[PDB]
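As structure tokens, the structure follows; a few thoughts come after it.
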Amino acid sequence: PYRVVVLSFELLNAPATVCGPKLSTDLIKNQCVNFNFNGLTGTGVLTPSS
Amino acid sequence: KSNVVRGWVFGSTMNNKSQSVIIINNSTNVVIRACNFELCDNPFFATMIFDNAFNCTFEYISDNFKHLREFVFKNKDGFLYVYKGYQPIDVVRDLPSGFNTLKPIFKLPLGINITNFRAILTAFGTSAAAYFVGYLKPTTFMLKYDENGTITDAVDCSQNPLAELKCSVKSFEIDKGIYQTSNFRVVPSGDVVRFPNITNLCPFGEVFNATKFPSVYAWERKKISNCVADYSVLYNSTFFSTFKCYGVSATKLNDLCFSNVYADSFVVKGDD
Amino acid sequence: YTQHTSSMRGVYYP
Amino acid sequence: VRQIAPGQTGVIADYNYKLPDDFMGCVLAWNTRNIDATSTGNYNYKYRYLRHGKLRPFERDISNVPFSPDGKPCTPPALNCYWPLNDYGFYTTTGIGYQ
Amino acid sequence: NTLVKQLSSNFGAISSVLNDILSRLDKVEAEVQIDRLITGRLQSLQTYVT
Ligand SMILES: *[C@@H]1O[C@H](CO)[C@@H](O[C@@H]2O[C@H](CO)[C@@H](O)[C@H](O)[C@H]2NC(C)=O)[C@H](O)[C@H]1NC(C)=O
Ligand SMILES: CCCCC/C=C\C/C=C\CCCCCCCC(=O)O
Ligand SMILES: *[C@@H]1O[C@H](CO)[C@@H](O)[C@H](O)[C@H]1NC(C)=O
Ligand SMILES: *[C@@H]1O[C@H](CO)[C@@H](O)[C@H](O)[C@H]1NC(C)=O
Ligand SMILES: *[C@@H]1O[C@H](CO)[C@@H](O)[C@H](O)[C@H]1NC(C)=O
Ligand SMILES: *[C@@H]1O[C@H](CO)[C@@H](O)[C@H](O)[C@H]1NC(C)=O
Ligand SMILES: *[C@@H]1O[C@H](CO)[C@@H](O)[C@H](O)[C@H]1NC(C)=O
């Protein structure tokens with residue numbers, strides 16, 4: 001006999017409550033930075049939005 | 001002058017808690033050895049490099065400044081690359097300007113973590129000598145090969161807009177005029193990481209170490225929410241014969257956040 | 001600790 | 001054995017032996033229960049299961065310093081202080097997974 | 001404006017968004033999709049020039 005577990009999820013689409021181990025940092029605004037929001041990575045400038 | 005510099009030691013902690021590699025010219029042999037060394041604070045040649053060595057992994061034994069000796073060291077996939085060159089000089093106290101090409105001499109399979117290095121110098125008190133250190137970076141270069149195969153010149157594209165114009169056209173020559181160059185670029189100067197506030201570990205024990213498991217025909221599904229997926233805790237106890245990821249790489253899992261997570265459980269025979 | 005310039009040094013056969 | 005391949009996660013790949021992503025070569029493995037296993041049990045073979053960070057390709061760590069999460073070096077007989085290495089424990093009568 | 005809009009199109013890749021691919025795929029697997037996108041976008045530029 002064998003035991004089987006199947007895990008299903010969706011990625012970088014809607015809100016997520018389950019996350020991997022990582023340390024957060026303060027927001028930096030009006031500056032070119034590398035950013036990671038909930039697993040989505042990029043480089044850019046962050047500003048407040050309406 | 002009078003060969004003051006004799007070699008190097010490369011290592012992480014530079015003590016007996018971590019392996020280190022020593023490369024030296026000992027006056028009647030070139031000796032390279034990678035072991036746990038009790039390195040002295042002041043390593044010099046009168047032979048006071050180390051007190052004792054144990055658990056050795058690699059060993060190789062060989063058969064008005066005047067002299068400039070140039071080396072390049074890199075570390076990659078468990079290999080230390082050494083490149084060498086030599087030039088006669090007459091400069092008194094500066095690094096002479098000019099262009100020289102180094103050639104490979106060593107590709108050593110040490111397999112150690114290098115974050116630090118220290119030079120080994122002779123003591124007479126001490127003779128006048130100088131050494132200079134610079135750091136390497138990923139860059140695009142254009143090299144010119146001569147008819148014999150020698151590299152006599154190079155262009156570094158990042159130095160200024162003219163150098164990039166040269167690299168783009170693939171020429172050392174440019175005619176008079178106005179040319180359209182790449183758009184203005186800015187490099188990042190910060191790092192930002194934003195994750196939700198979660199303080200609970202995911203329930204690996206309840207799922208994997210459950211007392212009863214259902215039949216495949218009546219398989220069961222369970223929701224997973226608000227938890228930190230470490231899964232390195234399982235390394236101590238639980239081990240899996242089958243682990244396969246389809247839409248995601250296993251290496252990227254630690255850096256991701258997951259939505260709408262569900263777990264299904266059952267029991268089958270090995271062939272199934 | 002003195003700062004010097006590396007003019008064109010450091011090219012090696014790839 | 002499945003962990004010995006590029007782009008794999010696990011205790012062996014993370015902390016003991018890691019293969020480069022662009023790897024040219026071959027991997028070979030075979031079963032040796034008749035010579036490396038005993039009825040009483042063998043515990044010479046070891047593997048590391050606690051570490052800070054992940055290994056780099058074709059790099060080895062042979063340290064045996066006591067391990068504590070979040071730094072703070074400790075004496076082994078102390079709270080939250082563990083020895084990093086672990087023993088396999090091979091037996092003649094054990095299953096194929098543990099051979 | 002047509003060149004601007006054409007960036008939305010997939011060219012046989014899983015996604016048109018490079019950051020998603022780099023975020024959830026390892027180097028070797030990401031290489032395939034990025035090459036597909038590169039081919040398509042170069043083709044668009046050549047058509048515009050002609
Ligand atoms: C090479 O050795 C150094 C030790 O000098 C390692 O540095 C430690 O790495 C961990 C990783 O989480 C950090 O938490 C520590 O803060 C680092 N220590 C230092 C020096 O502050 C380094 O990680 C090793 N490299 C590899 C690839 O294992
Ligand atoms: C308890 C429910 C878990 C919820 C997990 C959700 C997202 C994380 C995705 C994958 C990690 C789990 C499997 C790790 C097993 C690795 C095997 C090994 O390392 O040898
Ligand atoms: C490591 O160095 C320390 C510092 O003196 C010494 O006490 C210890 O014995 C050394 N460990 C060895 C050589 O095993
Ligand atoms: C250099 O090293 C070799 C090998 O250890 C040794 O035989 C030789 O005597 C050494 N030479 C000197 C001058 O120490
Ligand atoms: C290193 O030597 C020590 C004793 O000095 C020994 O206990 C240890 O097992 C050896 N380690 C390796 C990996 O060679
Ligand atoms: C190529 O080698 C020959 C023989 O040394 C030499 O005469 C010639 O100058 C070399 N090519 C150069 C220096 O451009
Ligand atoms: C792993 O399991 C063994 C067996 O009980 C236990 O002794 C050991 O402490 C565990 N490791 C950790 C990190 O607690």
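To be explicit about the labels: the chains of the structure tokens are called A, B, and onward in the order shown, and within each one the residues are counted from 1, while ligands get numbers from 1 in the order they are shown.
Residues in contact with ligand 2 (atom pairs separated by at most 7 Å; only C-alpha atoms and all ligand atoms) are residues 7 and 18 of chain A; 202, 203, 204, 207, 224, 229, 231, 232, 235, 239, 240, 243, 253, 258, 261 and 263 of chain B; 9, 10 and 11 of chain D.
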Could you pull out the helix (DSSP H, G or I) residues of region 8-98 of chain D, going by DSSP on the backbone, and write them as a PyMOL selection string? chain D and resi 11-16+33-36+96-98
Take the residues from that selection and put them in a file with N, CA and C atoms, as a short mmCIF file (atom, residue, chain, number, x, y, z; two decimals), in the first residue's frame.
```cif
data_model
loop_
_atom_site.label_atom_id
_atom_site.label_comp_id
_atom_site.auth_asym_id
_atom_site.auth_seq_id
_atom_site.Cartn_x
_atom_site.Cartn_y
_atom_site.Cartn_z
N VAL D 11 16.49 17.47 0.85
CA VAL D 11 17.58 17.59 1.82
C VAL D 11 18.93 17.39 1.14
N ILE D 12 19.04 16.37 0.29
CA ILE D 12 20.31 16.09 -0.38
C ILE D 12 20.67 17.25 -1.31
N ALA D 13 19.74 17.65 -2.17
CA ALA D 13 20.02 18.71 -3.13
C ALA D 13 20.28 20.04 -2.44
N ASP D 14 19.52 20.35 -1.40
CA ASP D 14 19.67 21.65 -0.74
C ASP D 14 20.96 21.73 0.07
N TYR D 15 21.29 20.69 0.84
CA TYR D 15 22.34 20.80 1.84
C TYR D 15 23.54 19.89 1.63
N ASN D 16 23.49 18.92 0.72
CA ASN D 16 24.60 17.98 0.58
C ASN D 16 25.29 18.02 -0.78
N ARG D 33 22.86 -3.69 -1.16
CA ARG D 33 22.37 -4.10 0.18
C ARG D 33 23.16 -5.31 0.69
N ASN D 34 23.80 -6.08 -0.20
CA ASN D 34 24.53 -7.31 0.19
C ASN D 34 25.88 -6.96 0.84
N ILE D 35 26.42 -5.77 0.58
CA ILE D 35 27.75 -5.34 1.13
C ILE D 35 27.65 -4.15 2.11
N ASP D 36 26.71 -3.21 1.96
CA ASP D 36 26.62 -2.04 2.83
C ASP D 36 25.56 -2.16 3.91
N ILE D 96 12.90 -1.36 0.37
CA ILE D 96 13.68 -0.87 -0.81
C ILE D 96 13.97 0.62 -0.67
N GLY D 97 13.01 1.40 -0.17
CA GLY D 97 13.14 2.85 0.07
C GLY D 97 14.29 3.18 1.00
N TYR D 98 14.53 2.34 2.01
CA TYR D 98 15.57 2.51 3.06
C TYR D 98 16.76 1.55 2.85
#
```
Show which residues sit within 12 Å of residue 60 (chain D), as number ranges by chain. Count only C-alpha atoms, and ignore same-chain residues fewer than 3 positions away. B: 18-19, 57, 77-78, 109-114; D: 12-19, 47-48, 54-57, 63
Report, in Å with one decimal, the straight-line distance from CA of residue 2 (chain A) to CA of residue 99 (chain D).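 Computed distance, CA of residue 2 (chain A) to CA of residue 99 (chain D), equals 17.6 Å.
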Compute the set of protein, DNA and RNA residues whose minimum atom distance to ligand 4 is at most 8 Å, using only C-alpha atoms and all ligand atoms, and state it as number ranges by chain. B: 25-31, 47, 61
Distance cut-off 12 Å, counting only C-alpha atoms - which residues of chain E neighbour chain D? Return them as a ChimeraX atom specification. /E:25-29,31
Å distance separating atom 4 (C, counted along the ligand's line) of ligand 7 from CA of residue 23 (chain A), one decimal place: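 Answer for the atom 4 (C, counted along the ligand's line) of ligand 7 to CA of residue 23 (chain A) separation: 29.5 Å.
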Would you pick out the contacts of region 5-11 of chain C at 7 Å or less, using only C-alpha atoms, so that residues sharing its chain but fewer than 5 positions from it are not included, and give the list as a CSV table (one decimal) with N, CA and C atoms, in the first residue's frame?
```csv
chain,number,residue,atom,x,y,z
B,97,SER,N,50.4,52.3,-16.8
B,97,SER,CA,49.3,52.2,-17.8
B,97,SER,C,49.7,51.4,-19.0
B,98,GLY,N,48.7,50.7,-19.5
B,98,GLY,CA,48.9,49.9,-20.7
B,98,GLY,C,47.9,48.8,-20.8
B,99,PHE,N,48.1,47.9,-21.8
B,99,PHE,CA,47.2,46.8,-22.2
B,99,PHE,C,48.0,45.5,-22.3
B,100,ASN,N,47.6,44.5,-21.5
B,100,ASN,CA,48.2,43.2,-21.6
B,100,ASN,C,47.1,42.2,-21.4
B,101,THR,N,47.3,41.0,-22.0
B,101,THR,CA,46.3,39.9,-22.1
B,101,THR,C,46.9,38.8,-21.2
B,102,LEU,N,46.1,38.3,-20.3
B,102,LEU,CA,46.4,37.2,-19.5
B,102,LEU,C,46.0,35.8,-20.1
```
So which residues are near ligand 7, meaning at most 12 Å away with only C-alpha atoms and all ligand atoms counted, given back as a ChimeraX atom specification? /B:232-238 /D:48-51,66-69,79-88
Dump N, CA, C and O atoms for the selected residues as an mmCIF file, in the first residue's frame?
```
data_model
loop_
_atom_site.group_PDB
_atom_site.id
_atom_site.type_symbol
_atom_site.label_atom_id
_atom_site.label_comp_id
_atom_site.auth_asym_id
_atom_site.auth_seq_id
_atom_site.Cartn_x
_atom_site.Cartn_y
_atom_site.Cartn_z
ATOM 1 N N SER B 232 10.928 22.423 5.154
ATOM 2 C CA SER B 232 12.248 21.935 5.530
ATOM 3 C C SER B 232 12.196 21.186 6.853
ATOM 4 O O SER B 232 13.125 20.441 7.181
ATOM 5 N N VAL B 233 11.124 21.379 7.621
ATOM 6 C CA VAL B 233 10.962 20.660 8.880
ATOM 7 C C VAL B 233 10.813 19.167 8.620
ATOM 8 O O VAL B 233 11.228 18.333 9.434
ATOM 9 N N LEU B 234 10.209 18.807 7.486
ATOM 10 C CA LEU B 234 10.003 17.401 7.156
ATOM 11 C C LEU B 234 11.316 16.671 6.906
ATOM 12 O O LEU B 234 11.357 15.438 6.963
ATOM 13 N N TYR B 235 12.392 17.407 6.621
ATOM 14 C CA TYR B 235 13.644 16.764 6.237
ATOM 15 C C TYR B 235 14.127 15.792 7.304
ATOM 16 O O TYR B 235 14.791 14.797 6.992
ATOM 17 N N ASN B 236 13.832 16.105 8.554
ATOM 18 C CA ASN B 236 14.303 15.279 9.687
ATOM 19 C C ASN B 236 13.617 13.913 9.724
ATOM 20 O O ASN B 236 14.316 12.909 9.967
ATOM 21 N N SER B 237 12.316 13.868 9.446
ATOM 22 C CA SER B 237 11.517 12.666 9.663
ATOM 23 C C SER B 237 10.899 12.091 8.391
ATOM 24 O O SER B 237 11.096 10.910 8.086
ATOM 25 N N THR B 238 10.148 12.903 7.650
ATOM 26 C CA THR B 238 9.311 12.376 6.580
ATOM 27 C C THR B 238 10.021 12.458 5.232
ATOM 28 O O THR B 238 10.625 13.476 4.888
ATOM 29 N N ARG D 48 23.569 15.699 6.136
ATOM 30 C CA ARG D 48 23.286 16.941 6.844
ATOM 31 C C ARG D 48 21.847 17.362 6.565
ATOM 32 O O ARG D 48 21.423 17.401 5.405
ATOM 33 N N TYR D 49 21.099 17.671 7.628
ATOM 34 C CA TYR D 49 19.709 18.089 7.501
ATOM 35 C C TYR D 49 19.423 19.468 8.079
ATOM 36 O O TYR D 49 18.302 19.961 7.918
ATOM 37 N N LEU D 50 20.387 20.100 8.742
ATOM 38 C CA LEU D 50 20.238 21.455 9.260
ATOM 39 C C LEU D 50 21.331 22.334 8.667
ATOM 40 O O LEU D 50 22.512 21.980 8.721
ATOM 41 N N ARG D 51 20.936 23.474 8.106
ATOM 42 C CA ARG D 51 21.897 24.412 7.543
ATOM 43 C C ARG D 51 21.243 25.776 7.392
ATOM 44 O O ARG D 51 20.020 25.896 7.309
ATOM 45 N N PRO D 66 27.771 22.868 16.193
ATOM 46 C CA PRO D 66 26.376 22.801 16.642
ATOM 47 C C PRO D 66 25.541 23.898 16.002
ATOM 48 O O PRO D 66 26.015 25.011 15.768
ATOM 49 N N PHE D 67 24.282 23.575 15.720
ATOM 50 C CA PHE D 67 23.401 24.434 14.943
ATOM 51 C C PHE D 67 22.330 25.043 15.836
ATOM 52 O O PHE D 67 21.701 24.337 16.632
ATOM 53 N N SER D 68 22.126 26.349 15.695
ATOM 54 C CA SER D 68 21.040 27.054 16.342
ATOM 55 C C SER D 68 20.368 27.979 15.338
ATOM 56 O O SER D 68 21.063 28.716 14.625
ATOM 57 N N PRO D 69 19.040 27.977 15.242
ATOM 58 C CA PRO D 69 18.382 28.916 14.330
ATOM 59 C C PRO D 69 18.589 30.356 14.776
ATOM 60 O O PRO D 69 18.673 30.654 15.970
ATOM 61 N N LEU D 79 19.027 24.653 25.173
ATOM 62 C CA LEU D 79 17.785 24.762 24.431
ATOM 63 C C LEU D 79 18.076 25.192 23.005
ATOM 64 O O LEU D 79 18.906 26.070 22.760
ATOM 65 N N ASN D 80 17.408 24.545 22.060
ATOM 66 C CA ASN D 80 17.409 24.997 20.676
ATOM 67 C C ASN D 80 18.811 24.863 20.077
ATOM 68 O O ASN D 80 19.256 25.705 19.295
ATOM 69 N N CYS D 81 19.510 23.790 20.461
ATOM 70 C CA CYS D 81 20.869 23.476 20.025
ATOM 71 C C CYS D 81 20.886 22.024 19.561
ATOM 72 O O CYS D 81 20.643 21.114 20.363
ATOM 73 N N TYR D 82 21.183 21.804 18.282
ATOM 74 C CA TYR D 82 21.161 20.469 17.703
ATOM 75 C C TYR D 82 22.437 20.211 16.917
ATOM 76 O O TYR D 82 23.063 21.134 16.392
ATOM 77 N N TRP D 83 22.813 18.940 16.847
ATOM 78 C CA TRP D 83 23.895 18.528 15.963
ATOM 79 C C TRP D 83 23.373 18.424 14.533
ATOM 80 O O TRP D 83 22.316 17.824 14.309
ATOM 81 N N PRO D 84 24.074 18.985 13.545
ATOM 82 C CA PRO D 84 23.476 19.075 12.200
ATOM 83 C C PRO D 84 23.409 17.754 11.449
ATOM 84 O O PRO D 84 22.532 17.592 10.593
ATOM 85 N N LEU D 85 24.311 16.817 11.720
ATOM 86 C CA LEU D 85 24.381 15.594 10.934
ATOM 87 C C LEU D 85 23.457 14.515 11.498
ATOM 88 O O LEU D 85 23.110 14.506 12.680
ATOM 89 N N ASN D 86 23.072 13.590 10.619
ATOM 90 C CA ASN D 86 22.164 12.506 10.945
ATOM 91 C C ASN D 86 22.676 11.224 10.302
ATOM 92 O O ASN D 86 23.373 11.256 9.285
ATOM 93 N N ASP D 87 22.297 10.094 10.891
ATOM 94 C CA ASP D 87 22.759 8.777 10.470
ATOM 95 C C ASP D 87 21.636 8.046 9.744
ATOM 96 O O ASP D 87 20.465 8.173 10.116
ATOM 97 N N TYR D 88 21.997 7.278 8.711
ATOM 98 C CA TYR D 88 20.985 6.639 7.874
ATOM 99 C C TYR D 88 20.358 5.431 8.564
ATOM 100 O O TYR D 88 19.130 5.340 8.669
#
```
Could you give me, as a ChimeraX atom specification, every polymer residue with an atom at most 8 Å away from an atom of ligand 5, counting only C-alpha atoms and all ligand atoms? /B:54-56 /D:62-63
Using only C-alpha atoms, select each residue of chain B with any atom at most 8 Å away from an atom of chain E, and give the selection as an MDAnalysis selection string. chainID B and resid 248:249 251:253 256
Kindly save the residues from that selection, with N, CA and C atoms included, as an mmCIF file, in the first residue's frame.
```cif
data_model
loop_
_atom_site.group_PDB
_atom_site.id
_atom_site.type_symbol
_atom_site.label_atom_id
_atom_site.label_comp_id
_atom_site.auth_asym_id
_atom_site.auth_seq_id
_atom_site.Cartn_x
_atom_site.Cartn_y
_atom_site.Cartn_z
ATOM 1 N N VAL B 248 5.025 24.485 -12.026
ATOM 2 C CA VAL B 248 5.910 25.314 -11.223
ATOM 3 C C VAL B 248 7.206 24.554 -10.986
ATOM 4 N N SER B 249 8.311 25.293 -10.949
ATOM 5 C CA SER B 249 9.596 24.700 -10.617
ATOM 6 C C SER B 249 9.739 24.536 -9.107
ATOM 7 N N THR B 251 12.334 24.684 -7.335
ATOM 8 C CA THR B 251 13.275 25.623 -6.730
ATOM 9 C C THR B 251 12.605 26.944 -6.367
ATOM 10 N N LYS B 252 11.582 27.348 -7.122
ATOM 11 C CA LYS B 252 10.933 28.636 -6.900
ATOM 12 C C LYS B 252 9.893 28.600 -5.786
ATOM 13 N N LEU B 253 9.631 27.432 -5.199
ATOM 14 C CA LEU B 253 8.529 27.300 -4.250
ATOM 15 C C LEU B 253 8.727 28.186 -3.024
ATOM 16 N N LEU B 256 7.415 32.001 -3.213
ATOM 17 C CA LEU B 256 6.102 32.244 -3.790
ATOM 18 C C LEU B 256 5.024 32.326 -2.717
#
```
Which residues, written as a PyMOL selection string, have at least one atom at most 12 Å from residue 41 (chain E), with only C-alpha atoms counted and residues fewer than 6 positions away on the same chain left out? chain E and resi 3-11+16+34-35+47-48
May I have the selected residues written with N, CA and C atoms, as a short mmCIF file (atom, residue, chain, number, x, y, z; two decimals), in the first residue's frame?
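Listing of result_25.cif after writing:
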```
data_model
loop_
_atom_site.label_atom_id
_atom_site.label_comp_id
_atom_site.auth_asym_id
_atom_site.auth_seq_id
_atom_site.Cartn_x
_atom_site.Cartn_y
_atom_site.Cartn_z
N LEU E 3 2.01 48.57 -32.85
CA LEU E 3 3.17 47.95 -32.21
C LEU E 3 3.00 47.89 -30.70
N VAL E 4 2.49 48.96 -30.10
CA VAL E 4 2.28 48.94 -28.66
C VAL E 4 1.32 47.82 -28.27
N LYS E 5 0.22 47.67 -29.01
CA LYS E 5 -0.79 46.68 -28.63
C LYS E 5 -0.30 45.25 -28.84
N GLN E 6 0.60 45.03 -29.80
CA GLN E 6 1.00 43.67 -30.12
C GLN E 6 1.75 42.98 -28.98
N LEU E 7 2.20 43.72 -27.97
CA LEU E 7 2.94 43.10 -26.87
C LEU E 7 2.05 42.19 -26.02
N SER E 8 0.73 42.33 -26.15
CA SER E 8 -0.17 41.50 -25.35
C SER E 8 -0.22 40.07 -25.85
N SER E 9 0.18 39.83 -27.09
CA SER E 9 -0.05 38.53 -27.72
C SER E 9 0.98 37.51 -27.27
N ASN E 10 0.51 36.30 -26.97
CA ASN E 10 1.39 35.16 -26.82
C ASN E 10 1.78 34.63 -28.19
N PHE E 11 2.96 34.02 -28.25
CA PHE E 11 3.47 33.43 -29.48
C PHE E 11 3.77 31.95 -29.29
N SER E 16 2.27 36.06 -21.85
CA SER E 16 2.90 37.22 -22.46
C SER E 16 3.66 38.07 -21.45
N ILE E 34 10.84 32.42 -23.22
CA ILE E 34 11.39 33.73 -23.53
C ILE E 34 11.90 33.76 -24.97
N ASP E 35 12.47 32.66 -25.45
CA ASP E 35 12.90 32.59 -26.84
C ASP E 35 11.71 32.71 -27.79
N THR E 47 8.20 43.64 -39.57
CA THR E 47 7.03 44.00 -40.38
C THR E 47 6.80 45.51 -40.38
N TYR E 48 6.90 46.13 -39.20
CA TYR E 48 6.73 47.58 -39.13
C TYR E 48 7.74 48.29 -40.03
#
```
At a cut-off of 8 Å, list the chain B residues touching chain A, using only C-alpha atoms, as JSON, numbers by chain. {"B": [186, 187, 188, 189, 190, 191, 192, 193, 194, 195, 196, 198, 213, 224, 225, 226, 227, 228, 229, 230, 253, 254, 255, 256, 257, 258, 259, 260, 261, 262, 263, 264, 265, 266, 267, 268, 269, 270]}
Would you export the selected residues with N, CA and C atoms as a CSV table (one decimal), in the first residue's frame, please?
```
chain,number,residue,atom,x,y,z
B,186,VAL,N,18.4,53.6,-16.1
B,186,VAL,CA,18.6,53.7,-14.6
B,186,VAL,C,18.6,52.4,-14.0
B,187,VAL,N,19.6,52.2,-13.1
B,187,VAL,CA,19.8,50.9,-12.4
B,187,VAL,C,19.1,51.0,-11.0
B,188,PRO,N,18.6,49.9,-10.5
B,188,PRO,CA,17.9,49.9,-9.2
B,188,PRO,C,18.9,50.2,-8.1
B,189,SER,N,18.4,50.8,-7.0
B,189,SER,CA,19.1,51.2,-5.8
B,189,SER,C,18.5,50.7,-4.5
B,190,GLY,N,17.5,49.8,-4.6
B,190,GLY,CA,16.8,49.4,-3.4
B,190,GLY,C,16.1,48.0,-3.6
B,191,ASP,N,15.7,47.4,-2.5
B,191,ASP,CA,15.0,46.2,-2.5
B,191,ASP,C,13.8,46.3,-1.6
B,192,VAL,N,12.6,45.8,-2.1
B,192,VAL,CA,11.4,45.9,-1.4
B,192,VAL,C,10.7,44.5,-1.4
B,193,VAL,N,10.3,44.0,-0.3
B,193,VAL,CA,9.6,42.7,-0.2
B,193,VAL,C,8.4,42.9,0.7
B,194,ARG,N,7.2,42.6,0.2
B,194,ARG,CA,6.0,42.7,0.9
B,194,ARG,C,5.2,41.4,0.8
B,195,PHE,N,5.0,40.8,2.0
B,195,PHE,CA,4.2,39.6,2.2
B,195,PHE,C,3.2,39.8,3.2
B,196,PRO,N,2.1,39.0,3.2
B,196,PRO,CA,1.1,39.1,4.3
B,196,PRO,C,1.7,38.7,5.6
B,198,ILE,N,1.7,36.4,8.5
B,198,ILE,CA,1.3,35.1,8.9
B,198,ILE,C,2.3,34.6,10.0
B,213,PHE,N,-6.7,7.0,6.5
B,213,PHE,CA,-6.7,7.6,5.1
B,213,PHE,C,-7.9,7.0,4.4
B,224,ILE,N,-6.7,24.5,2.8
B,224,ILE,CA,-5.4,25.0,3.5
B,224,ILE,C,-5.4,26.5,3.4
B,225,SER,N,-5.4,27.3,4.5
B,225,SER,CA,-5.4,28.8,4.5
B,225,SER,C,-4.6,29.3,5.7
B,226,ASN,N,-4.1,30.6,5.5
B,226,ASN,CA,-3.4,31.4,6.5
B,226,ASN,C,-2.2,30.6,7.1
B,227,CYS,N,-1.2,30.2,6.3
B,227,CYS,CA,-0.1,29.5,7.0
B,227,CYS,C,1.3,29.6,6.2
B,228,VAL,N,2.4,29.4,6.9
B,228,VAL,CA,3.8,29.5,6.3
B,228,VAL,C,4.2,28.1,5.9
B,229,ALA,N,4.5,27.9,4.6
B,229,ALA,CA,4.9,26.6,4.0
B,229,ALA,C,6.4,26.6,3.9
B,230,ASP,N,7.0,26.0,5.0
B,230,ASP,CA,8.5,25.8,5.1
B,230,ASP,C,8.9,24.5,4.5
B,253,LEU,N,9.6,27.4,-5.2
B,253,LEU,CA,8.5,27.3,-4.2
B,253,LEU,C,8.7,28.2,-3.0
B,254,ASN,N,10.0,28.3,-2.5
B,254,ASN,CA,10.2,29.0,-1.3
B,254,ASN,C,9.9,30.5,-1.4
B,255,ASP,N,9.9,31.0,-2.6
B,255,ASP,CA,9.8,32.5,-2.8
B,255,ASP,C,8.4,32.9,-3.3
B,256,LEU,N,7.4,32.0,-3.2
B,256,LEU,CA,6.1,32.2,-3.8
B,256,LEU,C,5.0,32.3,-2.7
B,257,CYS,N,3.9,32.9,-3.1
B,257,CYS,CA,2.7,32.9,-2.3
B,257,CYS,C,1.6,32.2,-3.1
B,258,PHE,N,0.7,31.4,-2.5
B,258,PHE,CA,-0.2,30.5,-3.2
B,258,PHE,C,-1.6,30.9,-2.8
B,259,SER,N,-2.5,30.8,-3.8
B,259,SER,CA,-3.9,31.1,-3.6
B,259,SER,C,-4.8,29.8,-3.9
B,260,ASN,N,-5.9,29.7,-3.1
B,260,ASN,CA,-6.9,28.7,-3.3
B,260,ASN,C,-6.2,27.3,-3.2
B,261,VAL,N,-5.6,27.0,-2.1
B,261,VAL,CA,-4.9,25.8,-1.9
B,261,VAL,C,-5.8,24.7,-1.4
B,262,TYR,N,-5.7,23.5,-2.0
B,262,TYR,CA,-6.5,22.3,-1.6
B,262,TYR,C,-5.6,21.1,-1.6
B,263,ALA,N,-5.9,20.2,-0.7
B,263,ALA,CA,-5.2,18.9,-0.6
B,263,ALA,C,-6.2,17.7,-0.6
B,264,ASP,N,-5.9,16.8,-1.5
B,264,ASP,CA,-6.7,15.6,-1.6
B,264,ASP,C,-5.8,14.4,-1.2
B,265,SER,N,-6.5,13.4,-0.5
B,265,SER,CA,-5.8,12.3,0.1
B,265,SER,C,-6.4,11.0,-0.2
B,266,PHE,N,-5.6,9.9,-0.5
B,266,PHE,CA,-6.1,8.6,-0.6
B,266,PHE,C,-5.0,7.6,-0.6
B,267,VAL,N,-5.3,6.3,-0.7
B,267,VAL,CA,-4.4,5.2,-0.7
B,267,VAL,C,-4.6,4.3,-1.9
B,268,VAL,N,-3.5,3.9,-2.7
B,268,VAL,CA,-3.5,3.0,-3.8
B,268,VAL,C,-2.4,2.0,-3.7
B,269,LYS,N,-2.4,0.9,-4.5
B,269,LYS,CA,-1.3,-0.1,-4.5
B,269,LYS,C,-0.2,0.6,-5.4
B,270,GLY,N,1.1,0.2,-5.2
B,270,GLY,CA,2.3,0.8,-5.8
B,270,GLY,C,2.2,0.9,-7.3
```
Considering only C-alpha atoms, can you say which of B:146, B:51, B:94, B:41 comes closest to chain C? B:94
Which protein, DNA or RNA residues have an atom within 10 Å of ligand 6, counting only C-alpha atoms and all ligand atoms, as a list in words?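 Residues lying within 10 Å of ligand 6: residues 145, 146, 147, 148, 149, 150 and 152 of chain B.
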Please find the residues contacting ligand 3 at a distance of at most 9 Å between atoms, with only C-alpha atoms and all ligand atoms counted, and report them as an NGL selection string. :B and (15-17 or 36-39 or 51-54)
Work out how far apart CA of residue 13 (chain E) and CA of residue 33 (chain E) are and give it in Å to one decimal.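 Straight-line distance from CA of residue 13 (chain E) to CA of residue 33 (chain E) works out to 5.0 Å.
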